[PDB]
Q: 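Sharing a structure with you now.
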Amino acid sequence: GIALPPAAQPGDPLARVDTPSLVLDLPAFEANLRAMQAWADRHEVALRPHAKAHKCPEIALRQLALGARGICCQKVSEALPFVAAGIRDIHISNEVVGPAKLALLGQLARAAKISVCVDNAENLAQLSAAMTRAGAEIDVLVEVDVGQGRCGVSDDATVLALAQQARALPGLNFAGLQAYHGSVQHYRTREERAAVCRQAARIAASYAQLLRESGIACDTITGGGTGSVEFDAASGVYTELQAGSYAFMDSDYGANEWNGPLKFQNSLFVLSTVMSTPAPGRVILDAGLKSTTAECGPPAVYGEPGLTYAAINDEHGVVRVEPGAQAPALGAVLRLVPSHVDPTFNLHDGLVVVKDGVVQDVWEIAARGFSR
Amino acid sequence: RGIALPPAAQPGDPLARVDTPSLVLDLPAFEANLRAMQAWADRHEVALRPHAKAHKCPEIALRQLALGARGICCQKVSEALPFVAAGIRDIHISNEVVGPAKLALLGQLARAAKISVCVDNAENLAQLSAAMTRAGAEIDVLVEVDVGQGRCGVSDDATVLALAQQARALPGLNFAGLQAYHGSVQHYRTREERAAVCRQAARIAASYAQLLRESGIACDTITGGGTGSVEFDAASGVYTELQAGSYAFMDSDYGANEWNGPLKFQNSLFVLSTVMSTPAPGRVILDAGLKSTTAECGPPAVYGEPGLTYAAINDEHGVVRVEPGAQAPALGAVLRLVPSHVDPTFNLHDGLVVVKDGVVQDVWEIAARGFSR
Ligand SMILES: Cc1ncc(COP(=O)(O)O)c(C=O)c1O
Ligand SMILES: Cc1ncc(COP(=O)(O)O)c(C=O)c1O
Ligand SMILES: [Mn+2]
Ligand SMILES: [Mn+2]
Ligand code: NA
Ligand code: NA
C-alpha cells in the first residue's frame, strides 16, 4: 500500500528531518563516552554502562570499543539484541523471577558470559535449578539495600547465607555484591550526593568485610549511576560502575549541580515542529507524551530563552512565549531536551544520528519494548 | 545459534502463565464498552468515529466499525497507514498537518482513502491545497475552533469564515464543518461541572456553525467529544459526530471521574505484572514500571487488591506498599494493574494479549505503535 518514507536520510540537514524524531548529537555523545571511561580508568575501576538507558546495540558497541567491560541490562529479554550484535559480557542488574524468564536466562547463559542479582533464598534455589536444567553456569551477585529501599537484602545473616549457598550450588558462582542507590542520583548538590554515597559505600564495605571474615571472597562490588559515579569511583569500595544516562543527559540530571571533576554534555534531543500559532503568547509543537515522557515533568526547549514548554498532551506540546521573546514561526523546527533519558528512548524505534547539523545515520533501538 | 524469544502468551494459556509485563485486554468487558458507546451514539442519532490514538490497533478499529462506527480518527498522518493497510478507508485526522513530508504523505493517504483533516491557520490551509493539487487528491477540511481547551483552534469569527470560504474555493479541498474538541473538560471530576462546560463548548460551536450558514456556507459536521464528555455532547443537539477513544478500555485517571449517570464503562485494559522481590515486611516489588505503563498522571493501580498500593515507580520496577493488615503477595505472584492513562500505555507495547474468562484467546498487533509523524 502506502510506504512510510524514512524520517531522515544520510546527508539531510537536521531542519529537514521529519518530526518528532529522537536525535543524537554524535560529537557530544562521543565526548561523554570518553569522559566516563577516562573517569573509571583514573580510579582503576571497571565501567559497565547500563544499556537500559538507550536499548541500542550500536551504542553499546561504541562503549565497548572505548574500553567498557561489558554492559548491564535490567531484564533478560533486553539482552537478546545485544547478544545478537555480538556482545557477550552482560550483567542483569536485577532479580529474575518467573519460569519462562529463568528458562530464557539458562539459554542466555549458554550463549554468553552472564551474571545476575539475587536477594531472595527461594529465587536463588530457582536460579540454581534453572542453570542445572540448562547445563549452564552463571555468576551471582547478592543485591544489598544501601538506602533506596527497592530490592536487596538488609541483614548480615541473609547476605552470608546466600553467598554460601551460591558457592555450594552447581551452576552458580558467587561473584560479589550489587549496591545501587537510585534516589541519590538526583539529589541536587554535590555535598548532598557525596554524603549519601559515603553511607552507601560504608554499608557495602561492611557486607564485603562480613563475607571476607567468613572466608568468602567478594571480588566485585558493583553499582553507581550517573549522579553518583563521581563519588563511587573514588570510594575504594566499588569495583565496577553502572552509569547509563551519562552518554545523553536529560533535563532532570541537568538540574543537578555538576561543579566537580566530572561533567556531561547534552547529546539527546527530540526534534519537533511548530504546528499551530493560535494566539499571541503560545505556539503548539507536534511532540507530546507519545514522543517523550513526563513522569519527571515536560521536556525543555533547547537554546531558546523565552520559550517554555508547558502543558504536554498525547501528541501536542503547549509552548508559552514569554513577553519580549520572539514566537517561532509555523513550521519551525525546535530541539527539546527530554526530562528523562531511558523512558524516552523506549518510545522510539530509531535514533537519528547527527554531526555538524547533518544526518549521519539512523541507529536501531533494537531492544525497545523488551521488558520481559 | 540465535536465541529465540518465545511469545509471552499463546491461545489456551491461563492468564497466570502469561509472561510479564504484558498489556492485557479483557475481551468481554471491551466488547461491552464498544456496544455501550455505539448504543449511546445511535440513541442520540449522532455518528461515532472512535479515536484510534487510544490503542493504535487495527483489530480494535475493525471491531468498532463492525458495530456501526462511521470511520475512525487518527491524530497523526503516519498513524493512519496501518489502518488503511487493514482496509479502513474512512479516516479523520483530528489535528493540523504541518511540514512538507507530512503534507506529501497526506496527499498519498488521500488518494488511498476518504480523508478529512483539520485546519486552524491560513498559511497551512494554502499549503494543504497545494499539497492536494500536487498529489491529484481531494480531502475534506474541518476548521478547528477553540471551545475552551486553549490548545489549537481558531477563536474569532472572521477567521472561521475566511477559512471556510477559502476551502470552498480552493482546489482539492472541500469544506466539511467544524472540529470542536474540549480536552480539559474530560477529567473535570463532577458531572455537574462537565455538563456546564460542555453546554458552553456546544454553544460556541453552534454559534460558529450559525455564522457560516448565515454567510451561505453549509456546516455539515460538528465533531468532537471525548470519553468524559460524550454523555453530554451526544445530547447537545450540536455535535453530529463523537470522537471518544479511551472508553473501550478505561484507566485510573478517567476512573476518578464521577460516573453515576446513564453512561458508564468497564475496565478492560490491564498491565500484568509479577512480584519479583519480597524484601521487607510492608512492601513487594513488581516487574512493571515506566517502560510498561506511563506515570505522567501518577502510578498505576493494583486491580482488585484494596490493601496493595502501588507507590514508587521506576524504569522496570514498581514498589507496592502492603497496607497494615493486608496480605502481602507471594514471590512470583501475578497481579493486574490498571494504567493511569490509556493511550500512552498502549504506545509502549507492540502486542495486546486478549483474554476471556482467564484464558488467552489471541494476541493483537499494536501496529501503529510509535507512529507520531
Ligand atoms: C541497577 C542500576 N544501575 C545503574 C543505574 C544508573 O542509571 P543512570 O546512570 O542512567 O541514572 C540504575 C538506574 O537508576 C540502575 O537501576
Ligand atoms: C482530537 C481529539 N478527539 C477526542 C479526544 C478524546 O480522547 P479520549 O476519549 O480517549 O479521552 C482527544 C484526546 O483526548 C483528542 O485529542
Ligand atoms: Mn533513568
Ligand atoms: Mn488520553
Ligand atoms: Na557454586
Ligand atoms: Na474547494
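Labels below follow one simple rule: chain letters A, B, ... track the order of the sequence lines, proteins then strands, and each chain is numbered from 1. In each ligand, atom 1 is the first atom listed, and ligand 1 is the first ligand listed. Side chains are part of it too, since the values below use all heavy atoms of this structure and drop only hydrogens, waters and symmetry mates.
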Q: Consider only side-chain N and O atoms of A/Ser183 and A/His181, and report whether a donor and an acceptor are under 3.5 Å apart.
A: no
Q: Please check if the distance between the ring centroids of A/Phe264 and A/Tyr253 is under 6.0 Å.
A: no
Q: Taking B/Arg373 first and then A/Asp286, would you say they form a salt bridge - that is, a charged N and a carboxylate O separated by under 4.0 Å?
A: no
Q: Walk me through whether A/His50 and A/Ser93 qualify under side-chain hydrogen bond (donor to acceptor under 3.5 Å, both in side chains).
A: CA-CA 9 Å; A/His50 216 307; A/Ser93 58; 2.7 Å; yes
Q: Could you give me the CA-CA distance, side-chain angles and deciding distance for A/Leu351 and A/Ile59, then say whether side-chain contact (heavy atoms from CB on, under 4.5 Å) is met?
A: CA-CA 10 Å; A/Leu351 182 66; A/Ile59 287 168; 3.9 Å; yes
Q: Return the number of protein N, O or S atoms with a distance to the Mn ion (ligand 4) smaller than 2.8 Å.
A: 2
Q: Would you verify whether the NZ or CZ of B/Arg194 falls within 45 degrees of the ring axis of B/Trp259 while also being under 6.0 Å from that six-membered ring's centre?
A: yes
Q: Rounded to the nearest 0.5 Å, what's the gap from CG on A/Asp232 to SG on A/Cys197? Could you check?
A: 4.5 Å
Q: Judged by modelled atom types alone, do B/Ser252 and B/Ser340 share a side-chain donor-acceptor pair under 3.5 Å?
A: no
Q: For A/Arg62, look at atom CZ and say whether over 12 heavy atoms of other residues, nucleotides or ligands are found less than 6.0 Å away.
A: yes
Q: Taking only heavy atoms of the protein into account, state which residues are under 4.0 angstrom from an atom of ligand 1, in chain and number order.
A: A/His50, A/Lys52, A/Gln74, A/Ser93, A/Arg150, A/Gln178, A/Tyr180, A/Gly224, A/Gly225, A/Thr226, A/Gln242, A/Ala243, A/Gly244, A/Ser245, A/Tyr253
